[PDB]
Number of protein chains: 4
Amino acid sequence: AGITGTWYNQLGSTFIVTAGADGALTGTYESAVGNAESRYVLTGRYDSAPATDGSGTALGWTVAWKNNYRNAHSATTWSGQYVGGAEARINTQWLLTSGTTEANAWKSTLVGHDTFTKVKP
Amino acid sequence: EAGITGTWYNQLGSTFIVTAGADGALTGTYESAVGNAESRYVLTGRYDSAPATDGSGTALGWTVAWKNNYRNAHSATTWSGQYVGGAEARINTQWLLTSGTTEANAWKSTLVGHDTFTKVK
Amino acid sequence: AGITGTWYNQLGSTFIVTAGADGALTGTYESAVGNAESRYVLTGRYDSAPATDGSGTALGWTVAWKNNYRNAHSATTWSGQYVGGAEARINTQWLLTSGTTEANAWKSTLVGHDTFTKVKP
Amino acid sequence: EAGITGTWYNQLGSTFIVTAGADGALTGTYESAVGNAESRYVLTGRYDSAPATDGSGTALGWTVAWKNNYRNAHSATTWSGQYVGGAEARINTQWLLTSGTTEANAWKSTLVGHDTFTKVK
Ligand SMILES: NC(=O)c1coc(CN(Cc2ccc3c(c2)OCO3)C(=O)c2coc(CN(Cc3ccc4c(c3)OCO4)C(=O)c3coc(CCl)n3)n2)n1
Ligand SMILES: NC(=O)c1coc(CN(Cc2ccc3c(c2)OCO3)C(=O)c2coc(CN(Cc3ccc4c(c3)OCO4)C(=O)c3coc(CCl)n3)n2)n1
Ligand SMILES: CCCCCCCCC(=O)CCCO
Ligand SMILES: CCCCCCCCC(=O)CCCO
């Protein structure tokens, strides 16, 4: 199959992505219900010629949490790897930075991890 | 927009050339002074195109997959941070560098760090 | 039950910890086989009076990877929360810093996540 | 040993008083200039007691659970980093601040950042 497709986490997120031949990732990141107000633009990059030794495919993407409905003044980046096969998976670590004053900059960034599969919950 | 658009350097001597689009897109090229990297790489990301007008920074993020026509490190870095405008413009970030690995080495796939970018002119 | 006990991850780690009444965490971190050469001292802290609203118990600990047999010139810290109940769990994020030269300091720190339970694999 | 032992301050004005034991223990107190914190808190950690003698830093880590006799923030911070000796002694760290949360808010339990500690005298 491949990176292109509809992916889901176990917490209520869905993202739809196209992986371009030369490394582009473009798509939408949304809630499980998928209403317009919860949909945000996603853009990133992936290694379009991964190693031929069984290693995963490195990738990353960003979502700024602003759309035509809402603005959280924040952005998340996910850095991870795609692993193909019967149950394709994208394993990531992420950073969510909020726009803050200088006084609050020390606590501007959340960190976490998330795994996505193409299985709809 | 104009605030983010331009040439930036980090504390290691890396170069980031970016254009901030009216729709929240970040596009440009990145040249790393460190790691398994040579020449320029494509970058893509997102920023908050309508930040708060309260002295808060502008949230943003971008990705570089470390493949270009000259080298392939089978890895990708995401930078998550905020742009702080004014006379002394800076982009303060935290980053995640993920390498494609086998499943047994996935626990040690990701490096974390922090870069401060200073705007040229 | 509680934090005190023998915990395991899904990758071949085991740790034995005592949680003191006033917040101390003290124990041993080792491989699944548990031979002397893979055993390292663990020390940390936990919140000894967690919130009474269903929230997890915050904690953290460190292992420096030096014992009487080996020295990797590195140290890992785990930051997370303990969640009690029938299948007690400790959910963590971790940072593994290696001692490096100044030239390699940018790539000194790995990041990851791990979950532990009291179930022996 | 003597290199690490002493009083340190970070870029935010926080105070770290530590004793490095011959067995690799770090013990002391921490006073934070930021966050839900007041007065001194116990800290415990570990360091590499036999670092490489090649100009590399000394790996270390420590934890503070944000409970003392005056306040309880139901959170814990771990710092992972390296001590760089000489006339200009520094401890360069990355940290993870985890708060106890309900399961629904666990995704946003952990903040990440970086602190530089400078040794007094
Ligand atoms: N609803 C908006 O309009 C909007 C505007 O801004 C944001 C930012 N967010 C989404 C978000 C997803 C993923 C991330 C992130 C942030 O940062 C880190 O990764 C949240 O405030 C949020 C609140 O509750 C959760 C939890 N959840 C379910 C969910 C609810 C609403 C969503 C949504 C997902 O997608 C858009 O809408 C996750 O799936 C979850 C959170 O984090 C992880 C990985 Cl561990 N999974 N998220 N939402
Ligand atoms: N063997 C030593 O004598 C010695 C000296 O120094 C170290 C450092 N290590 C252990 C380690 C555990 C846990 C961590 C860590 C590092 O940093 C982050 O968390 C590794 O080099 C390592 C190599 O392979 C793995 C994977 N694995 C199995 C394992 C093998 C040997 C062990 C061991 C565990 O325990 C001691 O011995 C994990 O369980 C694993 C790694 O990471 C995660 C969380 Cl995702 N799980 N680890 N080993
Ligand atoms: C170990 C070699 C792989 C690295 C390829 C280039 C990555 C550069 C990077 O992420 C820099 C982060 C600090 O600015
Ligand atoms: C939001 C309030 C909770 C914080 C309690 C104190 C934490 C201090 C901390 O980790 C500082 C990290 C930067 O030096």
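Residues numbered from 1 in each chain as written, not as in the entry; some residues may be left out. Chains lettered and ligands numbered in written order. Heavy atoms only, no water.

- This entry lists X-ray crystallography as its structure determination method and reports a resolution of 1.40 Å.

- Chain B goes by Streptavidin in the PDB entry, where it is assigned to Streptomyces avidinii.
- The title attached to this entry in the PDB is "Streptavidin bound to peptide-like compound KPM-6".
- According to the UniProt record, the Subunit comment for chain B reads "Homotetramer."
- Here is the UniProt Subcellular location comment for chain B, exactly as written: "Secreted". (UniProt positions renumbered as here; feature names shortened; annotations may be inferred.)

- Within the PDB entry, the label attached to chain A reads Streptavidin, and the organism entered is Streptomyces avidinii.
- What UniProt records for chain A under Subcellular location is the sentence "Secreted".
- Comment text from UniProt for chain A, heading Sequence similarities, reads "Belongs to the avidin/streptavidin family."

**Thoughts on the site of ligand 1**
No. 1: Contacts to ligand 1 come from 19 residues, most closely from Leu11(A), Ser13(A), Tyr40(A), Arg70(A) and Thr76(A).
No. 2: Of the chains in the model, those with residues near ligand 1 are chains A and D.
No. 3: At 3.5 Å, a backbone N or O of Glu30(A) approaches an oxygen atom of ligand 1.
No. 4: Interatomic distance of 2.8 Å between a side-chain N/O atom of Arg70(A) and an oxygen atom of ligand 1.
No. 5: Contact with the protein chains hides 79% of the accessible area of ligand 1, taken as 740 Å² for the molecule alone.
No. 6: For the shell around ligand 1, the secondary-structure elements that each account for two or more residues are β3 (24-31), β6 (71-83), β7 (89-98) and β8 (109-117) of chain A.
No. 7: Looking at the shell around ligand 1 element by element, the count peaks at 3 residues for β3(A).
No. 8: Class assignment of the residues belonging to the shell around ligand 1 gives a composition of 8 nonpolar, 7 polar and 4 charged. (Near = heavy atom within 4 Å. Polar contact = N/O pair within 3.5 Å; in protein donor to acceptor, adjacent residues only side chain to side chain. Areas by Shrake-Rupley, 256 points an atom, 1.4 Å probe, with all protein chains shown as cover. Helix = DSSP H or I, 4+ residues; strand = E, 2+ residues; numbered from the N terminus. Nonpolar A, V, L, I, M, F, W, Y, C, P; charged D, E, K, R; others polar.)

**Considerations on the site of ligand 2**
No. 1: The environment of ligand 2 is formed by 19 residues, the closest being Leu11(C), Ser13(C), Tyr40(C), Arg70(C) and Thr76(C).
No. 2: In this structure, ligand 2 is bordered by residues of chains B and C.
No. 3: At 3.5 Å from an oxygen atom of ligand 2 is found a main-chain nitrogen or oxygen belonging to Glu30(C).
No. 4: For ligand 2, an oxygen atom lies 2.8 Å from a polar atom in the side chain of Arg70(C).

**Some points on the interface of chain A and chain D**
No. 1: On the side of chain D, 11 residues touch chain A, which itself brings 9 residues to the contact.
No. 2: Summing both partners gives a buried area of about 930 Å² for chain A against chain D, and 78% of it is carried by carbon and sulfur.
No. 3: On the chain A side of the contact with chain D, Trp106(A), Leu110(A) and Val111(A) bury the most area, a combined 64% of that side's loss.
No. 4: In this structure, the connection of chain A to chain D is made through 0 salt bridges.
No. 5: At the boundary of chain A with chain D, the tally comes to 2 residue pairs in polar contact.
No. 6: Counting residues per element, the ones that place at least two in the side of chain A that touches chain D are β7 and β8 of chain A.
No. 7: Tallied by class, residues from the side of chain A that touches chain D come to 7 nonpolar, 1 polar and 1 charged. (Contact = heavy atoms within 4.5 Å. Buried area = accessible area lost by both parts, 1.4 Å probe. Salt bridge = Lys/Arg side-chain N within 4 Å of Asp/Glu carboxyl O.)

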